[PDB]
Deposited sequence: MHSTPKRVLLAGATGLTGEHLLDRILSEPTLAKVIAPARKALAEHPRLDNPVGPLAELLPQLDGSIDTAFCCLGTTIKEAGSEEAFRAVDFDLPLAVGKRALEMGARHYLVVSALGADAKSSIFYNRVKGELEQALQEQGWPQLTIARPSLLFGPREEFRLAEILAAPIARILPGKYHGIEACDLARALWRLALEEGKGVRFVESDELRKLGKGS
C-alpha cells in the first residue's frame, strides 16, 4: 500500500474520485494535492492552492507514490504549445519533483495508442511523455492507457475526465472506474515499467 501520496490533477473528475478514494484508505499516511482550487479539509491532506508549476518547488514532505491525472486537448488549450505544456511538461515536472521527495512509484494517465512515432499529434505527445518518464529513474512506473473515446457513440474524449472538461452521466462512471484502476495498480509491488491498456483498466476499474 502507498503511504504518502502526491496527486496532480485533483480537480479533474478522475482526480476527484481518486482523491476521495485515497482519503478513505485506513493505511494512507498523507496526501499532497497541489491544485488551482481549495479542496475540503482533511487531517491527512496537504492542499496548497495555486498554479501547479509554481507550487511544485514549494512542496515539503516525503512521498512514496505519485499519481498524475492531467490531460487536455489542443482545442481546450488553444495551441499545440499550450497542450504540450499540460500533457508533457507538467507530468514530467511532477515526476521529477516526486523523485526528489523520495517517490518510488509513479502512476500516470496516458492514453490508448500513445506512440512517439505516431503521425497523430495527440498520440505522439503522449508517447513522447512515456519515453521521457522512462528516463527519469523510476524504480516503478505504471502508465495507464485508457480509451481515447467513451460514451454510447464514442462521442466523449478522455480529456473530459482529466483536465479538459466541457460542461455527465458516462463521465462519472468513467472517472470512477479509472480512479479505482489507478489505486489498484498502486497496490501492485513491482520493478520497472508497466503499460496498462484499456481492457485491463476496465477489469481493474469495473471488476470485483
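- Stretches of the deposited sequence absent from the structure, as judged by C-alpha coordinates, are 1 to 3, 171 to 174.
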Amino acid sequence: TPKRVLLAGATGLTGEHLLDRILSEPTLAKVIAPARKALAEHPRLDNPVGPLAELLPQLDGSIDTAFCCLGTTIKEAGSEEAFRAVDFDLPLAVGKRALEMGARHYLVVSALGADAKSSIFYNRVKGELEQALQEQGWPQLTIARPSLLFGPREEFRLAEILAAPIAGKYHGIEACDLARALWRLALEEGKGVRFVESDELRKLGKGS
From here on, numbers count along this sequence of modelled residues.
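- In this entry, 34 to 42 shows the higher mean Cα temperature factor of the pair 34 to 42 and 175 to 183.
- If you average the C-alpha B-factors over 105 to 113 and over 85 to 93, the higher value belongs to 85 to 93.
- When the C-alpha B-factors of 143, 69, 49, 66 are read from the PDB record, the largest value belongs to 49.
- Per-chain ranking of the deposited C-alpha B factor places residue 12 in the middle third.
- Compared with the other modelled residues of the chain, the Cα B-factor recorded for residue 80 ranks in the highest third.
- In the deposited entry, the Cα temperature factor of residue 123 sits in the bottom third of values across the chain's modelled residues.
- When the modelled residues of the chain are ordered by C-alpha B-factor, residue 18 sits in the lowest third.
- Among all modelled residues in this chain, the alpha-carbon of residue 133 has a temperature factor (C-alpha) in the lowest third.
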